[PDB]
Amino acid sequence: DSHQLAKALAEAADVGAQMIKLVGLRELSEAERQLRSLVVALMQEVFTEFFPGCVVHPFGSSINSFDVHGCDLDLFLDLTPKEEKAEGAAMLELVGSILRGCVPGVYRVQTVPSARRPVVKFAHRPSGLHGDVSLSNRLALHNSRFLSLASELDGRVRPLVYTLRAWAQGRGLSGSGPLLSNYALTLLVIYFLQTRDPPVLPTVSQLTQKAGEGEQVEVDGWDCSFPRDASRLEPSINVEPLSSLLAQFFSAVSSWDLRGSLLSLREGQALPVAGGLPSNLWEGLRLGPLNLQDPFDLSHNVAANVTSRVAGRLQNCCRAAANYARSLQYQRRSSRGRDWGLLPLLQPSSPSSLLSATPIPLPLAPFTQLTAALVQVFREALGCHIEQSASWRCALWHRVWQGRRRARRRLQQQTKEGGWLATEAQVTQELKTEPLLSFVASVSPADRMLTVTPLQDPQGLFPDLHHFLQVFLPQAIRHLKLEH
């Protein structure tokens, strides 16, 4: 791993062959599936012992065809407001207590009633496996089946999703935090494939209408109905190759307006959020930096956890990857040994790149006034020579981001023996023609956030400046808000 993978991807043909090979290398082996089935069987046996006539249903990564090595094993267990909440919560503990002291081999057990989808976390020691036991999310079964079906509908889906998943992991865009879940990322890829000029994938609405007899099903008041076999459905007339579709993903999602759009897998379309139209129907829908609607539960934004920082970093990383995707290094192979194609996408992010990709949250303000405020803070209060979404190129000959404490101390001392912007500029002027550090500053219309990226950095002091700006700029903007 991390060695074999690099040389395996370097060795093979074109980018598409690399994506396919990546699928081959990351997916679970037959032994891993054997192990998983065995553990599920154990779970099934003990829970049957406690709950006669109960079924343990595997779902998620394990059955949805997007499985990779080391992925979780998710299990659904199939057997007045606060009352029902707590009844539910009590049952969970029971399940927990069964996992804790009955089924042999599982040690880490933590009940999580406080989650949106209450679950009992567990780990099985001999198999090295770990996952979730969910009392009720029945939708998960169906959306898992939907993802597997999606892979079955077109052969480009799984390579695209695998490549983009590994890439997002490498860019710090996915995980269990404010980052996108793997499910949400997959949904985003599928959404992208739905919106192509010829569509690669159909909308879930279309699937729902195709459906079939006996294939009609509703769970929690939502319609989960779709055809069970891909055989009934006509192929895609979209002829685009894998490398193309990848580049198109990067470009497209880099150019989308995320805050103004609820991306709908049902309609295969972007529903304008402002104002209130998606918010009226489907009560319970959370809107924010990134809005991505579940194919079935329509009150569910699967991206609702994503902070503005993660969304901005997402579109930035996609813009960078789109620029790389236009390069000759991407498309064509290398003669001998060089990193080409998928490899720089799958390689870790540079510290300067990782830092510059994630934007800086700024106090709310009209776009025009905000831009003017920022250029004021750069022009004066900082020694920056600046010049002309919005963007500016800035040049510094000095250490201005550091040494400010001693300088202000000395100036206030001269004030002993002897309000923002210009005052702070004093602090700048007392800190002292090839620019020491030169960088770019960008502001996107919605939501307003500043992207600072390095241009000329001889001494590698850009990150210090970036942290400094992270602290200093919201402060400056803030005081410029209160001068009105």
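For every residue, the number given is its place in the sequence shown, counted from 1.
Counting the unmodelled positions of the deposited sequence between residue 418 and residue 419 gives a gap of 4 to 9 residues.
Coordinates are absent for 10 or more residues of the deposited sequence placed between residue 79 and residue 80.
Higher mean CA B-factor, judged across 24 to 32 and 421 to 429 from the recorded values: 421 to 429. Taking the mean C-alpha B-factor of each stretch as recorded, 394 to 402 and 355 to 363 are not equal, and the higher mean is that of 394 to 402. Out of 276, 178, 199, 260, the entry records its largest CA B-factor for 276.
Highest CA B-factor among the listed residues (445, 70, 52, 58): 445.
Ranked by C-alpha B-factor against the other modelled residues of its chain, residue 337 falls in the highest third.
Among the modelled residues of its chain, residue 268 has a C-alpha B-factor that falls in the lowest third according to the deposited record. Residue 437: CA B factor lies in the highest third for its chain, per the PDB record. For residue 213, the recorded CA B-factor ranks within the highest third of the chain. Only modelled residues enter the ranking. In the PDB entry, residue 223 places in the middle third of its chain by CA B-factor.
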